[PDB]
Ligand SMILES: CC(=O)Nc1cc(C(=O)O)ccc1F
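In the form solved without the named molecule, a lone chain appears below as structure tokens.
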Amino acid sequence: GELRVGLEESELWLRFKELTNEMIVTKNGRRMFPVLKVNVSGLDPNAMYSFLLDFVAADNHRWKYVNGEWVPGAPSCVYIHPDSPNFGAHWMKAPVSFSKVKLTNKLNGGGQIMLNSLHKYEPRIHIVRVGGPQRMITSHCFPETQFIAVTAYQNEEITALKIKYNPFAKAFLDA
């Protein structure tokens, strides 16, 4: 196939993956960091597509953080990228960033993807053809972006990188 989906900023994602990544989930929705950003080529530049994001279990068991390490102890709803629907040229000319998806531990509203806390999840992206002869769906999972949903950060080394890179955490970037 012509389609090519690449995870942008993989170096940054692997820095979090190494220490086991954590994404805060809140009742009101919490943005991800790092932000999932995808590079796409191979779409028809003049065809219409919608990008979808959901979250798949990365394993089967509940997780627990004890003594500085992670120990064992259903697919989410889908989020539509706010640029959808759009032509393939739009999706290809710049990386598709899911900067506005919010993760939550309660089904309290729309636009927020509910996650079960202390479980490992893998982001999965779907490219949906809009108005073609037939339905085209492609799935793309990125192992580098696996994480455990938490209500509070467990590994402080993750907290440090979150502070180091998320501009919204700049006030804590003193140390």
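Throughout, rigid core stands for the largest set of C-alpha atoms superposing within 1.5 Å between the two forms. Heads up: residue numbers just count along the shown sequence, starting at 1.
- Larger average C-alpha displacement in 5 other deposited structures of this protein, relative to the shown form after a rigid core fit, is seen for 101-109 when comparing 101-109 with 81-89.
- Structural divergence in 5 other deposited structures of this protein between 134-142 and 121-129: following superposition by the core, 134-142 has C-alpha atoms lying farther from the shown form.
- Coordinates are given for every deposited residue between residue 82 and residue 83; the gap count there is zero.
- Averaged over CA atoms, B-factors in the entry run higher in 59-67 than in the other of 59-67 and 25-33.
- Look at the C-alpha B-factors of 132-140 and of 34-42. On average they run higher in 132-140.
- In the PDB entry, residue 103 places in the lowest third of its chain by CA B-factor.
- In the deposited entry, the Cα temperature factor of residue 14 sits in the top third of values across the chain's modelled residues.
- The PDB entry assigns residue 89 a C-alpha temperature factor belonging to the lowest third of its chain's modelled residues.
- Split the chain's modelled residues into thirds by C-alpha temperature factor. Residue 50 is in the lowest one.
- In the PDB entry, residue 112 places in the highest third of its chain by CA B-factor.
The form solved in complex with the named molecule exists for this protein as well; it is not shown, and the discussion that follows is about that form.
- Annotation: pocket open; no atom of the named molecule, superposed via site C-alphas from its pose in the deposited complex, falls within 2.4 angstroms of a backbone or C-beta atom.
- By the 4.5 Å heavy atom rule, the three marked residues 80, 130 and 135 all count as contacting the named molecule in the deposited complex.
- Contact check for residue 95: no non-hydrogen atom falls within 4.5 Å of the named molecule in the deposited complex.
- At the 4.5 Å threshold, heavy atoms of residue 58 stay clear of the named molecule in the deposited complex, well away from it.
- Residue contact check for residue 26: none of its heavy atoms lie within 4.5 Å of the named molecule in the deposited complex.
- Looking at 44-61, the residues that come within 4.5 Å of the named molecule in the deposited complex, counting any heavy atom, are 50, 52.
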